[PDB]
Amino acid sequence: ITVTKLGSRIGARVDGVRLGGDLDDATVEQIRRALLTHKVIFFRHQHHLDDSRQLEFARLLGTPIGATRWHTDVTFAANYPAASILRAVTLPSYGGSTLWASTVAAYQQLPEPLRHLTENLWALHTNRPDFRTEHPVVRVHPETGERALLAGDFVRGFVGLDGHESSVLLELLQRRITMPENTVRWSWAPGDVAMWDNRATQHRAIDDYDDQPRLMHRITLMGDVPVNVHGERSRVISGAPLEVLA
Amino acid sequence: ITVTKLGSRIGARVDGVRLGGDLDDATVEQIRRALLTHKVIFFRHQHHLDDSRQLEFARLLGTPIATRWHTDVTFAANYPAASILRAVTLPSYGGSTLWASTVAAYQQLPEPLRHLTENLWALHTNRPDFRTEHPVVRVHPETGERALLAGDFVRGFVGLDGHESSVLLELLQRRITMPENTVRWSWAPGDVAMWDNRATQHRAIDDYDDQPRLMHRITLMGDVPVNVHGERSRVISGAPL
Amino acid sequence: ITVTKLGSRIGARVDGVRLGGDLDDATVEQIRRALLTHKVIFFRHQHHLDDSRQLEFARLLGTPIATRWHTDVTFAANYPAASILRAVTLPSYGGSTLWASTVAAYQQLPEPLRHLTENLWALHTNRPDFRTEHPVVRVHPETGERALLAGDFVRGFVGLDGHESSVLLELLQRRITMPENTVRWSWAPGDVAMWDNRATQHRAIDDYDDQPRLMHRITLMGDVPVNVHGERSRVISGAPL
Amino acid sequence: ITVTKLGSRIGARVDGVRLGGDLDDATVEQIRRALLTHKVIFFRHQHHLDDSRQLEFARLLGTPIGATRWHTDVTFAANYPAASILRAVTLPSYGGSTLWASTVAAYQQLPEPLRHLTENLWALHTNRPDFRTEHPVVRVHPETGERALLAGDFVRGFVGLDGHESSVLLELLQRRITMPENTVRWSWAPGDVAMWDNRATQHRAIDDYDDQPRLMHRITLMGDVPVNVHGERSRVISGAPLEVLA
Ligand SMILES: [Cl-]
Ligand SMILES: [Cl-]
Ligand SMILES: [Cl-]
Ligand SMILES: [Cl-]
Ligand SMILES: [Fe+3]
Ligand SMILES: [Fe+3]
Ligand SMILES: [Fe+3]
Ligand SMILES: [Fe+3]
């Protein structure tokens, strides 16, 4: 099993692994560490995979649950996902790459004033079945302790700020998060599988394949409610917790 | 001596006072307090004033030293404490002046923007090359009130890029110059305004079609800002006033 | 009857007039012209006025129908032409009102922003669900002057995303409410203001600490905007006024 | 010789060509058309190339002349470059990808109001030897007739706009231009060569290789002074024209 960095702040390729439910503990743990360290990892040549085997693999790393704007998944809910595992099924003849950004790297690049701002800022995330959650803008990752910015396209405003202030500040933060130095863009080939840490990233689909057929299979793993640098938790304004796969 | 509020967060008219250098301690003190409380105060019917008498008055309150919103001379580290401004020749229309309370603006900031501004430094410049890094929140040395320090001399914030600085400065200026924080004075003959430059910004208004307009200003020495953490402004370039 | 400018680009005081329904054609006409020229006009010493007499005056000028900058009822397609506003009960301080000339603001636009605004549509809404797509430049039906149409009822511009709309609207509002384009009136008992809603925005100011304040407004029917290319506003939802 | 699209709005790979000064007219022309159509093209496996052969090739397509912000090259000059040809010499073990955006695609995605704005807008581009040029924000490409946005990191302001307006509008335009649907990101392998149309693109280096050694060789081809949609030309405020390779 080898892990090779794809860039300075994000991304790694993991080789010498056949994904499935039969991986030993040492291998699952090596994978877990690579995920947490590199934020998004890629396995190539996984042509043996189907839906069931992908699910069997997913169960080893977490509890499975039941596009072209930058976002963190389902952040309108309080207990939004920890991670997802995504395999290519049918790919277009061109385009169709995917972007990830490290929101840990983004936080690390913030100068002190913007650290003080974001560590003391709350965003309303919504899906508009009405989900509204006030999340902190800095989250302390529950497995690594690393601070990560929490924002993305589900943010509708910041508490205490007016609509214009919120629009300007959100875009300032998005501009920083999605700086290319914080990002990896993956050109999918058949057999590829991506896994990302949704507590430490945003991602974005790209509509550059002229609507040619494209099919991916995603399995998403249950996460927990964010805690900020002061130990404060996200507040549910409206909506229910996300639930495991039935 | 009476002090009459002109608005909730800023401005008062002081009546029953003949400005000059012969005012007693009690009266000079009441004037000082009105100024610190109301941020800009106005005296009407001061027709006896000339440059000499204005200066004699000014000396009781301190040591004597357009159309963009600014705090005076903030490209310098020890920028002025206050100014005293008399109408001499007024246009037949227009020519009003605006002041904003930067104390009021700070008090209206929600918690996130307090945490931002209390940890933020702005570079102020006059382009003699004056460049000073001032804190964005200054603690008034006489009242203890916190005031936003920004305005048109700001060229950027330390650690932010040019676009971030442009957007943030305008966000802070939009807050500071909200009309609830401002008083606009239409000058009549004999009017004098005095403002606390440690707690305000002001702005001339170009709405008199360049008719002749003459005012006489006397400016009083101030000290170097202290921020909420006790830190002082940093001279990058230039000398003290 | 005398008309005195208050500023270069906006505002005049009309003296020598006792407002009411018994004014002759000549006087009603001079008042109409002063209004169209100066965008907002003020009458002082109108202590004889009551609701009935204000309405009788209003009927000579048209057909009778807070703290954010807006043009009245622009979420409707045929929004008002003008309003007439009388002080009834005034606070002991604060309580001034601001008007901006959107004609002046249009005239200050450089060529690129004229090309933008002359080809721009804004969605105005009241959230009865009123939604209207208005042009951002309207051609005044009586004067032919071009005026910016924007303000706080704007929710977005057709073809722009939410962030673009937020940034552009604020850019246009920053231009419109530049103090050179505005008049701020401190109300005294007996004061009446009348403004042309086709050529202005206005804004109440919350600087009187919620002391009691009562004004009486009468609003006059207007028509549907025409833009520089002859195009009319589009009702998306709601009825005509 | 084959040309394969890499994405809907930008980028193509050209195969079955050995780059050099010996290419026949038909081949040079096929290359020219591919460049103008796809805005940036890539040739792989060119391990025979050295500086001299790259130059011999460049001479077939134009007249050769004498990083991590998005820009169009040398736009502070009036007659800024038409195109560049870039080969990898020494590559880092990770990171080091390059981004291009199509400013033709960007113009095509503008809604009517922003077309009216930009077609009637002028930007001051500067290098701060003092180069200052007022360029139109829409340029009509001299070979294809296509309209392209002209902006990027050398813009210091727009004529008639104040500093804040200019900052906000430039970023609005950059945000549109650099939307991922308008972009291609190339992971360099040894032997790769990129050629881009500088009249129809912006590009950006990415600092994500932790300053490992990296060496590219660039040859840049002379361009001409922009003309806008009204037939108006760029204005030299200060500085000299760019000059051919001595
Ligand atoms: Cl491979
Ligand atoms: Cl990218
Ligand atoms: Cl005002
Ligand atoms: Cl290959
Ligand atoms: Fe997603
Ligand atoms: Fe000043
Ligand atoms: Fe109103
Ligand atoms: Fe370059």
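Residue numbers (the entry's author numbering), protein chains in the order written: chain A, 5 to 70, 95 to 156, 179 to 296; chain B, 5 to 69, 95 to 156, 179 to 292; chain B', 5 to 69, 95 to 156, 179 to 292; chain A', 5 to 70, 95 to 156, 179 to 296. A prime marks a further copy of an entry chain. Ideal Cβ positions, reconstructed from N, Cα and C, are used throughout, including at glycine.
Residue state for A':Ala62 is assigned as helix, using DSSP reduced to three classes. The beta carbon of B:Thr96 sits closer than 6 Å to the beta carbons of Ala255 and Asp257 from its chain, once the five residues preceding and following it are set aside; these are given in chain order. When DSSP reads this structure, A:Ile69 sits in a beta bridge with A:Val294. With a threshold of 7 Å, the Cβ atom of A:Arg48 counts as near ligand 1, since some heavy atom of the ligand is closer than that. Close to ligand 8, as judged by a C-beta nearer than 6 Å to any of its heavy atoms, are the residues A':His99, A':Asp101 and A':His253, in chain order. Looking at the DSSP output, A:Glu193 shares a beta bridge with no other residue. Relative to the Cα of B:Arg225, the nearest Cα in the group A:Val218, A:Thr228, A:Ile227 and A:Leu223 belongs to A:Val218.
Between the alpha carbons of A:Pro263 and A:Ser125 lies a gap of roughly 14 Å. Here B:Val275 has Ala106, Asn107, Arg283 and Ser284 as same chain residues with Cβ atoms under 6 Å from its own Cβ, once five neighbours each way along the sequence are excluded. Between the alpha carbons of B:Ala133 and B:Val286 lies a gap of roughly 27 Å. Where B:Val117 is concerned, the enclosing beta strand (DSSP E) starts and stops at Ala111 to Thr118. In this structure, the C-beta of B':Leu114 stays at least 7 Å away from each heavy atom of ligand 3. Between B':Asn148 and A':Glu140, the beta carbon gap of about 6 Å places them in contact (Cβ cut-off 8 Å). Taking the CA atoms as reference points, B:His144 sits about 15 Å from B:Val209.
At a cut-off of 3 residues, the continuous stretches assigned as beta strand (DSSP E) that sit fully inside the region 220 to 286 of chain A' are 233 to 236, 243 to 247, 251 to 255 and 265 to 271.
Only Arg254, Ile256, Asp257, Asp258, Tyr259 and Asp260 from the region 244 to 265 of chain B bring a Cβ to less than 8 Å from some Cβ of chain B'. About 6 Å separates the Cβ atoms of B:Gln58 and B:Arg115, confirming a contact at the 8 Å cut-off. The C-beta distance from B:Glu60 to B:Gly24 rounds to 6 Å, short enough to fall under 8 Å. When C-beta distances to chain A' are compared with 9 Å, the residues of the region 202 to 222 of chain B below that value are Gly213, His214, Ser216, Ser217, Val218, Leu220 and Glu221, in chain order. Per the DSSP secondary-structure output, A':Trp150 pairs in a beta bridge with A':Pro186. Using a Cβ-Cβ distance cut-off of 8 Å, the region 10 to 17 of chain B' and the region 32 to 43 of chain B' are in contact, since at least three pairs of beta carbons, one from each stretch, lie closer than that value. Contact annotation: A:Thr131 and A:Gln252 have beta-carbon atoms nearer than 8 Å. At least one CB of chain B' lies nearer than 8 Å to the CB of B:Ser12. With a contact defined as Cβ atoms closer than 8 Å, B:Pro109 and B:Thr270 qualify at about 5 Å. Measuring C-alpha to C-alpha distances from A':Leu295 to each of A':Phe204, A':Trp150, A':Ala198 and A':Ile69 identifies A':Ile69 as the nearest. A distance criterion of 7 Å places the beta-carbon of A':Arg235 in contact range of ligand 2, judged by its closest non-hydrogen atom. Against chain A, the beta carbon of B:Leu145 has neighbours under 7 Å at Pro141, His144 and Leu145, listed in chain order. Here A:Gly207 carries a strand assignment [DSSP, helix/strand/coil]. Taking A':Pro120 as the centre and dropping the five residues before and after it, the same chain places the C-beta of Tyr259, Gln262, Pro263 and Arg264 closer than 7 Å to its C-beta, in chain order. For B:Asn232, no chain A residue has a Cβ inside 8 Å of its Cβ, as the nearest lies near 15 Å away. Scanning its chain for C-beta atoms nearer than 6 Å, with the 5 sequence neighbours on each side dropped, one finds around A':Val32 the residues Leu64, in chain order. In the DSSP annotation of this structure, the continuous segment of the beta strand (DSSP E) that includes B':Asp19 starts and ends at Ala16 to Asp19. For A':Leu220, the CB contacts under 6 Å within the same chain, skipping 5 residues up- and downstream, are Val205 in chain order. In chain order, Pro230 make up the part of chain A' whose C-beta sits under 8 Å from the C-beta of A:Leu127.
Under a 10 Å Cβ-count criterion, B':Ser12 is classified as buried, with 16 or more other Cβ atoms of the shown protein chains found around its own Cβ. In summary, B:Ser288 is exposed, with fewer than 16 beta-carbon neighbours lying within 10 Å of its beta-carbon over all protein chains present.
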